[PDB]
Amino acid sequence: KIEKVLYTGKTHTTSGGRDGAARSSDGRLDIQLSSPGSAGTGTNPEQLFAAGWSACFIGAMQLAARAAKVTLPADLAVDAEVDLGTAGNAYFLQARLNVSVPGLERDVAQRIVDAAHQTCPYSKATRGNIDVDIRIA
């Protein structure tokens, strides 16, 4: 249970079927949507979740690196994949985050990635409910 609310992201999302749209309250996000894998030019929940988790993960890595007095490489990146899949009539997500951290000693890099996976609120939100493979790539 949150004690202090620091920021609220607000969106309005519409759909006419296969194609839709989502716009944030402040216009920062203004995107078209199309069903994942369909013919549409819009994005989808899997791409959105991959982007959002990856961003939050990098921020958590930066926090951890500060606490450890470690400088992260300029070329830090996360290549994420989020699958939609089924078992029977039931749908699930699963995720892979491949962290690119060139220049850091193995142990140092692993400690930072491990701290991030512990502190990242998206990682906390999904803990124990979906499979998540975090690797240094």
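One-based numbering along the sequence shown.
Colleague: On mean C-alpha B-factor from the PDB entry, just flag whether 73-81 or 30-38 is the higher one.
Modeller: Of 30-38 and 73-81, the stretch with the higher C-alpha B-factor average is 30-38.
Colleague: Pick between 116-124 and 13-21: the one whose mean CA B-factor in the entry is higher.
Modeller: Comparing 116-124 with 13-21, the higher mean C-alpha B-factor belongs to 13-21.
Colleague: Between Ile58, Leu93, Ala51, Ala68, which carries the biggest CA temperature factor in the record?
Modeller: Of the options given, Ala68 has the highest CA B-factor in the PDB entry.
Colleague: Among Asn89, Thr43, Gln62, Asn98, single out the one with the highest C-alpha B factor in the record, please.
Modeller: It is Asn89.
Colleague: Of the three thirds of its chain by CA temperature factor, lowest, middle or highest, which one includes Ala137?
Modeller: Within its chain, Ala137 is a highest-third residue by C-alpha B-factor, going by the deposited values.
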